[PDB]
Amino acid sequence: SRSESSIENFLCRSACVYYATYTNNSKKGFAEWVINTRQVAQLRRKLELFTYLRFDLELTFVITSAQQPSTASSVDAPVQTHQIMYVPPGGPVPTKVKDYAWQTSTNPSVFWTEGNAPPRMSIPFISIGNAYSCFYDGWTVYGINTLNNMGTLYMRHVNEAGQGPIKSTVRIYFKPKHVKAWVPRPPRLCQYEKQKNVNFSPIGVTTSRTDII
Amino acid sequence: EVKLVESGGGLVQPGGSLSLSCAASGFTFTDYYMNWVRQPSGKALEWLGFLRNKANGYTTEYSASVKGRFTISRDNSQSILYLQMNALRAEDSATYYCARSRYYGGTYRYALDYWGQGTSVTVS
Amino acid sequence: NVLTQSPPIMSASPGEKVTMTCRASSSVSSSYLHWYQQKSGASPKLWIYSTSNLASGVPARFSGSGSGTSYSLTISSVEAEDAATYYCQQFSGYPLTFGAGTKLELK
Amino acid sequence: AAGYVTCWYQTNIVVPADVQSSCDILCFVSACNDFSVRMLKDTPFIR
Amino acid sequence: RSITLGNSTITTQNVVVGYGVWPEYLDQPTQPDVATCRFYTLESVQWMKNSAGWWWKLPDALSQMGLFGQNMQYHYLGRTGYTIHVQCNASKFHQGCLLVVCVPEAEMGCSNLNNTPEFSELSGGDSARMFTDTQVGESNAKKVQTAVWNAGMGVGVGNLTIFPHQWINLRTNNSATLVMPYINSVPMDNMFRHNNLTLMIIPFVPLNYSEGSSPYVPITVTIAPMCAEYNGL
């Protein structure tokens with residue numbers, strides 16, 4: 001049984017990477033996630049076994065809702081619709097709920113009404129270099145590598161608030177597709193401190209025993 | 001035998017400078033870590049810093065309380081260990097020791113095996 | 001990472017067994033905890049290194065123990081010439097913190 | 001300036017126990033077979 | 001025996017080549033091939049008893065090195081393979097063991113957990129930086145954490161054999177030789193802001209000798225660039 005240990009069977013697995021909430025009437029509710037592989041520590045340790053990676057991307061959004069406590073008198077609501085905008089690397093970025101950058105023609109977005117199948121979208125290998133790089137020994141600030149930038153995602157309601165507040169959560173699922181990998185690398189022994197970097201504090205090599213014999 | 005004497009303490013106006021000196025004889029000087037520990041009048045001990053051996057490049061490791069003020073060094077001619085104390089305050093009045101470390105297996109446990117006799121520094 | 005020694009003042013007649021403890025705030029490894037001895041008007045001396053190993057020239061009446069965050073030191077038979085102050089040192093990160101001090105006076 | 005044939009220590013002389021460390025080098029010179037002389041005169045090595 | 005490149009000559013008597021592949025050549029990049037292709041012998045480090053290790057960042061140790069350093073300030077881009085000869089020369093009365101490993105894209109870790117190290121601390125130009133066998137404290141701001149059992153990258157140092165490497169056991173072996181191809185994501189990169197290889201030498205079994213023998217052993221590193229070319233006109 002050696003087909004379970006292939007690179008595609010090791011890495012093409014789905015994983016919840018982000019979890020944010022946003023409410024429609026509060027004027028500071030809209031979600032935002034800069035796409036990075038260093039979010040969840042279990043997937044990060046698997047992608048950091050290799051130096052250079054190259055994969056397609058497939059995202060699925062599980063959007064739910066909840067009725068917030070309003071005042072009174074018969075809150076009735078139609079079905080809600082959300083917008084999931086994807087900003088490519090080097091695109092205009094929203095900063096409010098009523099902004100121009102939601103309406104730009106180069107940021108592709110999906111519109112999805114509640115009660116249907118979840119909104120999948122797919123993103124190709126979007127970079128200028130010939131591979132994404134997990135590690136980068138250099139400056140552009142040390143060890144950043146502005147070439148493996150994958151973009152950002154933004155979420156909001158599109159319906160105006162009718163009678164009562166409604167807040168919604170989103171879970172983003174992440175699945176590398178058609179993976180190629182190069183230059184293997186030893187797996188990490190120390191724990192993870194910060195998302196941006198490789199900084200750490202030293203630990204022993206292995207758990208110990210009393211006597212060698 | 002191991003003999004660590006030191007000298008240089010005395011009186012100083014608060015806000016000045018002072019330089020201690022630790023003279024080492026009885027061992028090869030460039031092979032051990034050399035520490036600086038102070039103790040006030042009847043209180044607990046306090047570790048100030050060390051200085052690694054020749055094989056680790058003579059780098060220094062100060063404490064967080066005295067970092068930026070004090071300076072540990074060595075003389076390249078003879079076996080004399082220095083301590084440049086700058087910006088003295090009212091609570092630096094203590095007895096300053098001079099210690100040594102060694103490897104016990106091949107590992108470096110952080111113990112201090114031999115201690116100097118202690119010079120006294122007080123401010124006015 | 002601070003160390004608390006208890007009891008601060010300890011009195012015991014010669015010939016009996018007495019012990020002292022040194023409880024750390026966090027976890028300190030078993031190899032990085034040492035014991036020293038400072039008499040009145042003298043420099044300290046390394047007594048026990050890495051929580052179980054006697055130093056050079058020290059008599060066999062002592063034996064350290066303990067693990068995790070609780071360490072101790074036992075004297076099997078107390079003599080008259082070993083009345084001093086005993087400190088415990090650790091290293092979890094920098095700096096190297098010492099104990100408060102445990103004073104042993106004979107009775 | 002017409003040339004120099006200097007020589008330098010790259011690393012030290014590593015030697016085992018019970019072997020002397022002061023060593024010597026001899027230098028030989030020759031003709032590299034392909035050259036010519038003109039206008040014979042007498043040598044300056046005489047009184 | 002007695003190989004030569006340009007105006008230099010070193011002598012040799014077992015080679016390990018890269019990831020199996022051999023280095024070769026590719027606006028328009030021009031090919032300078034005879035003017036700087038030679039052996040650049042860096043100065044020797046001394047292997048003492050309680051030594052811990054050394055490292056060199058590879059397209060930076062040849063930055064103050066002669067006409068190779070002149071070709072870097074004149075050119076914005078470049079791609080280069082290498083050939084590394086490491087030999088230490090001890091007697092039959094010394095004993096030890098070294099691991100000579102060549103790491104691509106070795107991010108180092110700072111001692112402070114928020115910051116990042118500086119360029120003067122990451123790499124001495126044509127000069128070896130040292131690992132330590134103690135911890136570098138958290139109090140100083142921008143310094144590389146060099147606890148050698150973690151190899152400065154937060155990893156098990158015994159598992160460093162997955163990179164192309166070679167062992168030097170003084171009982172049986174004398175030297176090492178590596179041939180490293182050009183490994184990068186882009187085909188031609190900024191040579192001033194990127195150190196894409198790192199050569200590490202770590203003593204696993206420490207040096208030992210009896211009383212009387214020479215108390216330290218020199219190690220000599222020699223780098224020779226293969227298939228160097230730059231971009232410009």
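Just so it is clear, none of the values below were taken in a lab; they were calculated from the coordinates. Neighbour counts are summed over all protein chains in view; Cβ atoms, including those assigned to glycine, are modelled from backbone coordinates with ideal geometry.
As a proxy for reagent exposure, ranking D:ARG38, A:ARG54, A:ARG171 by other Cβ atoms within 10 Å from fewest up yields D:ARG38, A:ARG171, A:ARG54.
In a DSSP loop and with at most 12 other Cβ atoms within 10 Å, the GluC sites (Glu not before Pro) in region A:1-38 are A:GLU4.
Using a ≥ b ≥ c from the Cα gyration tensor of chain E (square roots of the eigenvalues), is it rounded, prolate or oblate, where a/c under 1.5 gives rounded and otherwise the larger of a/b and b/c decides, a/b for prolate? Taking the square roots of the gyration eigenvalues as a ≥ b ≥ c, chain E is oblate.
So what is the relative contact order for region E:79-193, in percent, with contacts set as C-alpha pairs under 8 Å and at least six apart? So the answer I get is 41 percent.
For region C:30-42, the Karplus equation 6.51 cos²θ - 1.76 cosθ + 1.60, evaluated at θ = phi - 60°, returns couplings of 6, 8, 9, 10, 10, 10, 10, 9, 10, 6, 6, x, 8 Hz by residue, with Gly and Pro reported as x. Centre-to-centre separation between the Cα atoms of chain D and those of region E:198-233: 31 Å.
Using the Cβ-Cβ distance between A:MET121 and A:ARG2 with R0 = 35 Å, the FRET efficiency computed as 1/(1 + (r/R0)^6) comes to roughly 0.55. Amide H to amide H, with H built 1.01 Å from N, B:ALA24 comes under 5 Å of B:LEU81, counting only residues 5 or more places away or on other chains.
Among the residues of A:182-188, the average count of other protein chain beta-carbon atoms within 10 Å of the residue beta-carbon is 6.
Backbone geometry of region C:76-90 corresponds, through the Karplus equation with coefficients 6.51, -1.76 and 1.60 at θ = phi - 60°, to 3J(HN,Hα) couplings of 6, 9, 8, 9, 8, 8, 10, 9, 7, 9, 10, 10, 10, 10, 9 Hz, x marking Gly and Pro. Here the sum of -39500 (n - 2.57) over DSSP H runs of 4 or more residues, divided by the residues of the protein assembly as shown, equals -1000 deg cm²/dmol at 222 nm, to the nearest 500.
Taking a Cβ cut-off of under 14 Å around C:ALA12, the surrounding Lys, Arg, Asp and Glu residues balance to a net charge of 0, with basic ones at +1 and acidic ones at -1. Residue by residue, region B:8-19 carries 3J(HN,Hα) couplings of x, x, x, 8, 7, 6, x, x, x, 9, 6, 10 Hz when phi is fed to the Karplus relation 6.51 cos²θ - 1.76 cosθ + 1.60 (θ = phi - 60°); x denotes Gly or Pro.
Max-minus-min Cα coordinates of region B:3-123 on each principal axis give 43, 32, 26 Å, with the largest extent listed first. Taking 30 Å as the limit for the C-alpha separation, the pairs C:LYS17/C:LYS45; A:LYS96/A:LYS196; A:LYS28/A:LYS177; B:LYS3/C:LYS39 exceed it in the case of A:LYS28/A:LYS177. Kindly list the residues of region C:41-81 that lie in the label zone of C:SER27, defined by a backbone N under 17 Å from the point 7 Å along the Cα-to-C-beta vector. Residues C:66-71 fall inside that zone. Highest mobility in the GNM of chain B, judged by mean-square fluctuation with C-alpha springs under 10 Å and restricted to B:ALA24, B:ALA87, B:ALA44, is found for B:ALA44. Model label points for D:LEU26 and B:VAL5, set 7 angstrom from Cα along the Cα-to-Cβ axis, are 5.5 nm apart. The GluC sites (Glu not before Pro) found in region E:69-133 that occupy coil by DSSP, while having at most 15 further C-beta atoms within 10 Å, are E:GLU118. Each of C:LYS107, A:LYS96, B:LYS67 has some number of other Cβ atoms within 10 Å of its Cβ, and from fewest to most they run C:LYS107, A:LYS96, B:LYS67.
So, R0 is 60 Å and r is the distance between the beta-carbons of A:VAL34 and E:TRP22; what FRET efficiency does that work out to, to 0.05? Please list the in-between numbers first.
Values: r = 40 Å, r/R0 = 0.67.
For A:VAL34 and E:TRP22, the calculated efficiency is 0.90.
Remark on E:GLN95: its backbone amide H falls under 5 Å from those of E:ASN208, a criterion applied only to residues 5 or more positions apart or on other chains, H modelled at 1.01 Å from N. In terms of its C-alpha gyration tensor, region E:14-74 has an oblate overall shape, because the principal axis ratio a/c (a ≥ b ≥ c, square roots of the eigenvalues) is not below 1.5 and a/b does not outweigh b/c. Rounded if a/c is under 1.5, else prolate if a/b is larger than b/c, else oblate: which is the protein assembly as shown, with a ≥ b ≥ c the root eigenvalues of its Cα gyration tensor? Oblate, since a/c reaches 1.5 and b/c is not below a/b.
Tell me, Kirkwood radius of chain A from alpha-carbon pair distances, in Å?
By the Kirkwood definition, the hydrodynamic radius is 20.1 Å.
Taking amide H as placed 1.01 Å from N in the peptide plane, E:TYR76 has its amide H under 5 Å from the amide H of E:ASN231, each at least 5 places away in sequence or on another chain.
What are the trypsin sites (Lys or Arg not before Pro) within region E:44-133 that DSSP puts in a loop, where the Cβ has at most 15 other Cβ atoms within 10 Å? If you can, show how the numbers build up before the last one.
Numbers: sites: E:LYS49, E:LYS57, E:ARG79, E:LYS92, E:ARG129; in loops: E:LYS49, E:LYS92.
Within region E:44-133, the qualifying trypsin sites (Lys or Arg not before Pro) (loop, at most 15 other Cβ atoms within 10 Å) are E:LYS92.
By the count of other C-beta atoms within 10 Å, a proxy for reagent exposure, E:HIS165, A:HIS157 are ordered fewest to most as E:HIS165, A:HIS157.
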